[PDB]
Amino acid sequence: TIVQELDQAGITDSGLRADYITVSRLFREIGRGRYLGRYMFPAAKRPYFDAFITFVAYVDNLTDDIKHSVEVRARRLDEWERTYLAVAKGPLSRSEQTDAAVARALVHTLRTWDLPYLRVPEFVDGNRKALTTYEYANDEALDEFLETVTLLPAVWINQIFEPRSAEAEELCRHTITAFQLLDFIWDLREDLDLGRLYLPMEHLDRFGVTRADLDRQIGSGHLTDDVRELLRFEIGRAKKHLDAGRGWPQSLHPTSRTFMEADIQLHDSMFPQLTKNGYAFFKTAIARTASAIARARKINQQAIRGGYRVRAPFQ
């Protein structure tokens, strides 16, 4: 339980403990599948994993609340950022209550791990900019999204994973880039329906494809050779990044390897789903997790018997 994990982490402040408890329950609500990854980490690290993942998912969710206007979503980002900065520098609606718990846990997590907690607004600004960006002219323009929304939190959580070599950050950047590019491809139909194109226009031009072509053909039952070749190209670009980043687990502390090995393997499993049966994925509309938890429990206890201990909390 989070209470025993907080005990093992040495987090004793009753106000802070309550915030980590709130965040852990929120984490479970934002997705049980992702929440279970916490059990691949040493018990005393799970409060930090909870707080960091919840922060990224919580803020990204503010940005992708497609029920509401871009103006409303922008206001929510401003609200969370104001609350974060108030906490960082030392009746409530439900969103105000969660904003504050997420912020308080995150500040403590970031300071515990020697991360630049005052730069969190750069991540929020990337999300604010993404709200009003519906197209990307080329790779350089898409990098404005990737280097703020995607990879800034990625290089931060890399430190929480306890890198053993300097190559870890580049492997982290390749791997999470591949994950993000696969998300764009997987979600192409939904994103197109929202008026957003995350495939750079230069790539479309290269294969003679228009945005209208994609809008009309994805989910239509058929694909022209040009559209299929564009999809093949984008899938191959994601594959190349994943292959370049695949050594990331070995560059991390042993207690972090099982989680990222499982996550890489999950994304590996997306490639045949996208392409099989002649790209049928684009024409029409638990076991791995249990095994990884089993493997992680062996590795983590080994590491403990070898003297491993999670660092002391910021206080």
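In case it trips you up, residue 1 is the first one in the sequence shown, and so on.
Coordinates are absent for 10 or more residues of the deposited sequence placed between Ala285 and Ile286. For the pair 31-39 and 264-272, the record assigns the higher mean C-alpha temperature factor to 31-39. Per the PDB record, of the two stretches 64-72 and 48-56, 64-72 carries the greater mean B-factor over its C-alpha atoms.
Between the residues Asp187, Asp213, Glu162, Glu202, the entry's highest C-alpha temperature factor is the one at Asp213. For the set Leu242, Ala154, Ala86, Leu231, the maximum C-alpha B-factor listed in the entry falls on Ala86.
The entry lists a Cα temperature factor for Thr112 that places it in the middle third of the chain's modelled residues.
When the modelled residues of the chain are ordered by C-alpha B-factor, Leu181 sits in the lowest third. When the modelled residues of the chain are ordered by their C-alpha B factor, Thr150 lands in the lowest third. Ranked by C-alpha B-factor against the other modelled residues of its chain, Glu140 falls in the middle third. The entry lists a Cα temperature factor for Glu96 that places it in the highest third of the chain's modelled residues.
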